[PDB]
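# A closer look at the structure
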Amino acid sequence: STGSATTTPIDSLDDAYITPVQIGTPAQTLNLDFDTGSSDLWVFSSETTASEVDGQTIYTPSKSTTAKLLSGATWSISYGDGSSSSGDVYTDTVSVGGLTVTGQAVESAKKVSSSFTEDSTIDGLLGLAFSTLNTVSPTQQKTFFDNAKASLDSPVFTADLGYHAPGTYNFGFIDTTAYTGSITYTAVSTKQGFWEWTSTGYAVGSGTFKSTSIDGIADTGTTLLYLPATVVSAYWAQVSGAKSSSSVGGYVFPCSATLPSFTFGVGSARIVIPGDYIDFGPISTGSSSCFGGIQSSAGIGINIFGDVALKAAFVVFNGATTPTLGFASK
């Protein structure tokens, strides 16, 4: 089998991307944030505290003839941005772009933190990291990809995120028309549960490439590119007036600037992030200070190749017995 679904930016800055997902019988379609940095499929539901729902579409398990309570199971997750959610668990039928999994754990939110409530466009998350990170207790559950893998034509999914435009998640096949050149594959460590790999270096604009190993994760659920402070300083030093602001929470730059590109290495290959992809717009409405899309990871504990980097590439998440990542230009 295969599946193919369009993923759409939630706003004009590409802050996140939503993909429609069919849950239950008859189908209830929810727009989920596909997150290669986590491993829980959770949704706003008829169980979510009513004051914490503000415009999201909810899953109602009582209206699904295939829903079954997973007795005794609970879940609770906290994300890198400080947000969180928790609840109980059903199994139900879940389809993405024509690909169907029966018996998928659908984690029904009883509580969500304010950032989720405040984002009316995201109805939940669909995790695509390794199932060892799944938070369901006392019986850990598998991701949608893990459950589908054996049925897929090839044990892979791909992320093709757009810049200010829709893109595509494919399951089970590699669309050879969706990228230019060749795909360069690179080793993955699953030891932390992430699609963790090592970039071979970077360049700023037309500058020379610096060969240096940068361990980080491919994370579709993070908006920006988080890299070591040395690399990030070298980038912003090329933008007149750019500075790190503790009050804003990162690097800002004059909105009048033209930003340089940023290149990252994948083995001997190179992915170029155009400068415009690194502009996240005014820090507050009407400001002439703009927020940068490359930020320091020094406070995180890990480097994160988020959407800013991934949207510049066609990315293969290869879930073979030994997983690997592939990157192509497009």
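Residues numbered from 1 in each chain as written, not as in the entry; some residues may be left out. Heavy atoms only, no water. Residues with missing side-chain atoms left out of burial classes, pairs and counts.

One way to see where empty space is left: roll a probe the size of a water molecule over the atoms. Taken as a whole, the largest pocket encloses approximately 1200 Å³ of empty space. Lining the largest pocket are 39 residues, with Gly-80, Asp-81, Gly-221, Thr-222 and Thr-223 sitting closest to its centre. At the level of secondary structure, the elements contributing two or more residues to the lining of the largest pocket comprise strand 3 (28-35), strand 5 (68-78) and helix 1 (114-117). Its residues assigned to classes, the lining of the largest pocket comprises 18 nonpolar, twelve polar and nine charged. Viewed by domain, the lining of the largest pocket spans two of them, domain 1 (5-174) and domain 2 (175-330), each represented by three or more residues. (1 Å grid on protein atoms, 1.4 Å probe; cavity = no way out; pocket = protein on both sides within 12 Å on 5 of 7 lines; lining within 4 Å. Points joined across faces, edges and corners; volume = space filled by probe spheres on them. Helix = DSSP H or I, 4+ residues; strand = E, 2+ residues; numbered from the N terminus. Nonpolar A, V, L, I, M, F, W, Y, C, P; charged D, E, K, R; others polar. Domains from an automatic or database assignment.)

Another aspect to go through is the state of the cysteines. Counted by the stated rule, this structure contains one disulfide. Here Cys-255 is linked by a disulfide to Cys-290, with a sulfur-sulfur distance of 2.0 Å. Classification of the bridge connecting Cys-255 and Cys-290 rests on its S-S torsion, roughly 110 degrees, and on that basis the disulfide is right-handed. Here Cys-290 lies in strand 20 (residues 289-292) and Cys-255 lies in the loop between strand 16 (250-254) and strand 17 (262-266), a separation of 35 residues in the sequence. Taking relative accessible area as the criterion, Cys-255 reaches 26% and is therefore assigned partly exposed. (Disulfide = S-S within 2.5 Å. Buried < 20%, exposed > 50% of the residue type's maximum accessible area, 1.4 Å probe, protein only.)

Core analysis: the largest hydrophobic core is formed by 68 residues, its most contacted members being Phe-171, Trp-236, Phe-262, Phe-264, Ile-273 and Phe-327. Here this core takes four residues from helix 3 (residues 229-236), the largest share from any one element. Both domains that furnish three or more residues to this core are identified here as domain 1 (5-174) and domain 2 (175-330). Dropping the residues within four chain positions of it, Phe-264 is found in contact with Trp-197, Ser-199, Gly-201, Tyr-202, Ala-269, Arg-270, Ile-271, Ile-273, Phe-305, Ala-309 and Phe-327. Counting 17 residues, the second largest nonpolar core, distinct from the first, contains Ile-10, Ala-73, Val-112 and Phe-116. (Core = buried A, V, L, I, M, F, W, Y, C linked by side-chain atoms within 4.5 Å. Contact = heavy atoms within 4.5 Å.)

Turning next to the UniProt feature "active site" in the protein. In this structure's numbering, the residues bearing the UniProt feature "active site" are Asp-35 and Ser-199. Residues from the annotated list that form part of the lining of the largest pocket: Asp-35. By the element assignment, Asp-35 lies in strand 3. The class for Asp-35 is buried, based on a relative accessible area of 5%. Excluding residues within four positions of it along the chain, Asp-35 makes contact with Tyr-79, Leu-125, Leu-126, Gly-127, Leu-128, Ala-129, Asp-219, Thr-220 and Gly-221. Within the structure, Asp-35 has its side chain in polar contact with the backbone nitrogen of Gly-37 (distance 2.9 Å). The topology assignment puts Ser-199 in strand 12 (residues 196-204). Assessed through its relative accessible area of 0%, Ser-199 is described here as buried. (UniProt positions renumbered as here; feature names shortened; annotations may be inferred. Polar contact = N/O pair within 3.5 Å; in protein donor to acceptor, adjacent residues only side chain to side chain.)

Moving on: the side chain of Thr-324. Here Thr-324 is to be found in strand 24 (residues 324-328). For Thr-324, a relative accessible area of 16% translates into the label buried. Within the structure, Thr-324 has its side chain in polar contact with the side chain of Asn-318 (distance 2.9 Å). Ignoring any residue separated from it by four or fewer positions in sequence, one finds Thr-324 in contact with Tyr-185, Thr-186, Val-188, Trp-195, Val-316, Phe-317 and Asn-318.

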